[PDB]
Amino acid sequence: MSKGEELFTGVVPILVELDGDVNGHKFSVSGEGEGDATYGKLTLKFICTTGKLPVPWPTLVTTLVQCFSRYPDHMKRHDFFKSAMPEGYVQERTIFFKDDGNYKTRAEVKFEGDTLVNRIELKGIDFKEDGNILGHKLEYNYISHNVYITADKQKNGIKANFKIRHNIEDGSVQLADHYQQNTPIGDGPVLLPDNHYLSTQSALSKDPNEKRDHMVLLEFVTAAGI
């Protein structure tokens, strides 16, 4: 029942802005949608504003607002994400694509009025030109669900590590090992959680009337483990 949680009682507009550079291939993505945390529900549409996306859309899903997770009543004292609002939190990750490159991301998630904003900088290096990522060999779907969270008292925040498996067009899988750290932007108290996890269901689709490179995403996220 943090003060921040009060800001998520209804439907909240979401805005996402990302600037990326993977092996020198620069691009930007903008996203808009709404989140209804009471139901852990998110609906968003992302657009590559610079032209064609140089990496597969599925590889950007985790990067492109865990504050919309549905935390059960008995676990609300463990919701760090909403507790950091409205000032927000910094979310950083290193994503290692097995036998390929890695992404390093830094984002600031905070409210700008009624809108929950996620601003991100993504840097990818060491990718293979004809690999599954730069070669666009990943299927347009998603199969991974869990995020394991632990408290990071020393930083007044949290950390998380989890695996994302991306189906490759040949039936194989491209592993993306995620390492995450979140820290509050404000100086007020936040909720440091006991170990638990977030279970997310992500469905990717296309807007039939959209000609720009884009991704429509419907997600449901629920906290559990306690």
# chains A, B, ... in the order shown; residues from 1 in each chain; ligands from 1
call {"tool": "closest_atom_pairs", "arguments": {"of": "range 98-157 of chain A", "to": "range 165-173 of chain A", "cutoff": "8 Å", "atoms": "only C-alpha atoms", "output": "tab-separated table"}}
result
residue	atom	partner	partner_atom	distance
A:132	CA	A:168	CA	7.3
A:137	CA	A:169	CA	5.6
A:138	CA	A:168	CA	4.4
A:139	CA	A:169	CA	5.6
A:141	CA	A:167	CA	7.6
A:142	CA	A:166	CA	6.6
A:143	CA	A:165	CA	6.8
A:144	CA	A:165	CA	6.1
call {"tool": "write_last_selection", "arguments": {"atoms": "C-alpha atoms", "output": "PDB file, in the first residue's frame"}}
result
ATOM      1  CA  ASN A 132      20.163 -14.833 -35.365  1.00  0.00           C
ATOM      2  CA  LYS A 137      16.255 -15.380 -37.853  1.00  0.00           C
ATOM      3  CA  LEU A 138      13.995 -15.269 -34.799  1.00  0.00           C
ATOM      4  CA  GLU A 139      10.317 -16.163 -34.912  1.00  0.00           C
ATOM      5  CA  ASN A 141       6.461 -15.048 -30.905  1.00  0.00           C
ATOM      6  CA  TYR A 142       7.371 -15.448 -27.244  1.00  0.00           C
ATOM      7  CA  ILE A 143       7.654 -18.377 -24.827  1.00  0.00           C
ATOM      8  CA  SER A 144       9.428 -17.285 -21.599  1.00  0.00           C
TER       9      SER A 144
END
call {"tool": "residues_around", "arguments": {"residues": "range 68-73 of chain A", "least_positions_apart": "6", "cutoff": "6 Å", "atoms": "only C-alpha atoms", "output": "ChimeraX atom specification"}}
result
/A:37-40,221-223
call {"tool": "closest_atom_pairs", "arguments": {"of": "range 138-214 of chain A", "to": "range 97-105 of chain A", "cutoff": "9 Å", "atoms": "only C-alpha atoms", "output": "Markdown table"}}
result
| residue | atom | partner | partner_atom | distance |
| --- | --- | --- | --- | --- |
| A:174 | CA | A:98 | CA | 6.6 |
| A:175 | CA | A:98 | CA | 5.4 |
| A:176 | CA | A:97 | CA | 4.4 |
| A:177 | CA | A:97 | CA | 6.5 |
| A:178 | CA | A:97 | CA | 8.9 |
call {"tool": "write_last_selection", "arguments": {"atoms": "N, CA and C atoms", "output": "PDB file, in the first residue's frame"}}
result
ATOM      1  N   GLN A 174      17.370 -19.465 -29.315  1.00  0.00           N
ATOM      2  CA  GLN A 174      18.383 -18.459 -29.057  1.00  0.00           C
ATOM      3  C   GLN A 174      18.166 -17.997 -27.624  1.00  0.00           C
ATOM      4  N   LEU A 175      19.090 -18.363 -26.748  1.00  0.00           N
ATOM      5  CA  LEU A 175      18.994 -17.972 -25.355  1.00  0.00           C
ATOM      6  C   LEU A 175      19.467 -16.540 -25.154  1.00  0.00           C
ATOM      7  N   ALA A 176      18.758 -15.821 -24.286  1.00  0.00           N
ATOM      8  CA  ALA A 176      19.077 -14.440 -23.917  1.00  0.00           C
ATOM      9  C   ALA A 176      19.066 -14.395 -22.387  1.00  0.00           C
ATOM     10  N   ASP A 177      20.251 -14.445 -21.785  1.00  0.00           N
ATOM     11  CA  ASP A 177      20.388 -14.421 -20.330  1.00  0.00           C
ATOM     12  C   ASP A 177      20.316 -12.982 -19.847  1.00  0.00           C
ATOM     13  N   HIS A 178      19.306 -12.698 -19.036  1.00  0.00           N
ATOM     14  CA  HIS A 178      19.066 -11.359 -18.513  1.00  0.00           C
ATOM     15  C   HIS A 178      19.564 -11.130 -17.093  1.00  0.00           C
TER      16      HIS A 178
END
call {"tool": "atom_distance", "arguments": {"atom1": "CA of residue 117 in chain A", "atom2": "CA of residue 16 in chain A"}}
result
5.8 Å
call {"tool": "atom_distance", "arguments": {"atom1": "CA of residue 128 in chain A", "atom2": "CA of residue 56 in chain A"}}
result
13.7 Å
call {"tool": "residues_around", "arguments": {"residues": "residue 61 in chain A", "least_positions_apart": "2", "cutoff": "10 Å", "atoms": "only C-alpha atoms", "output": "PyMOL selection string"}}
result
chain A and resi 46+56-59+63-64+142+202+204+215+217
call {"tool": "write_last_selection", "arguments": {"atoms": "N, CA, C and O atoms", "output": "CSV table (one decimal), in the first residue's frame"}}
result
chain,number,residue,atom,x,y,z
A,46,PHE,N,4.3,-0.5,-30.5
A,46,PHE,CA,5.6,0.1,-30.7
A,46,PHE,C,5.8,0.3,-32.2
A,46,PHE,O,5.5,-0.6,-33.0
A,56,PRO,N,15.5,-8.2,-34.2
A,56,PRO,CA,14.1,-8.8,-34.2
A,56,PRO,C,13.3,-8.1,-33.1
A,56,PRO,O,13.8,-7.9,-32.0
A,57,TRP,N,12.1,-7.8,-33.3
A,57,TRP,CA,11.2,-7.2,-32.3
A,57,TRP,C,11.2,-8.0,-31.0
A,57,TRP,O,11.2,-7.5,-29.9
A,58,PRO,N,11.1,-9.4,-31.1
A,58,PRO,CA,11.1,-10.1,-29.8
A,58,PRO,C,12.2,-9.9,-28.9
A,58,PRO,O,12.1,-10.0,-27.7
A,59,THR,N,13.4,-9.5,-29.5
A,59,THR,CA,14.6,-9.3,-28.6
A,59,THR,C,14.5,-8.0,-27.8
A,59,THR,O,15.3,-7.8,-26.9
A,63,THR,N,13.1,-5.1,-22.8
A,63,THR,CA,13.6,-3.8,-22.6
A,63,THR,C,12.5,-2.7,-22.7
A,63,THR,O,12.4,-1.8,-21.8
A,64,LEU,N,11.6,-2.8,-23.7
A,64,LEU,CA,10.5,-1.8,-23.9
A,64,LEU,C,9.6,-2.0,-22.8
A,64,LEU,O,8.9,-0.9,-22.5
A,142,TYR,N,6.7,-15.5,-28.5
A,142,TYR,CA,7.4,-15.4,-27.2
A,142,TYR,C,7.0,-16.7,-26.4
A,142,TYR,O,5.8,-17.1,-26.5
A,202,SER,N,3.3,-12.8,-22.7
A,202,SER,CA,3.4,-11.7,-23.8
A,202,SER,C,3.0,-12.3,-25.1
A,202,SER,O,3.5,-13.3,-25.6
A,204,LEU,N,2.5,-11.3,-29.1
A,204,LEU,CA,3.0,-10.3,-30.1
A,204,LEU,C,2.1,-10.4,-31.4
A,204,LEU,O,1.8,-11.5,-31.8
A,215,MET,N,5.3,-3.4,-33.6
A,215,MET,CA,4.9,-4.6,-32.8
A,215,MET,C,3.8,-4.2,-31.9
A,215,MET,O,3.9,-3.2,-31.2
A,217,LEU,N,1.7,-5.5,-28.7
A,217,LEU,CA,1.9,-6.4,-27.5
A,217,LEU,C,0.8,-6.3,-26.5
A,217,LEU,O,0.4,-5.3,-26.1
call {"tool": "residues_around", "arguments": {"residues": "residue 157 in chain A", "least_positions_apart": "5", "cutoff": "12 Å", "atoms": "only C-alpha atoms", "output": "PyMOL selection string"}}
result
chain A and resi 78-81+83-84+88-92+149-152+180-194
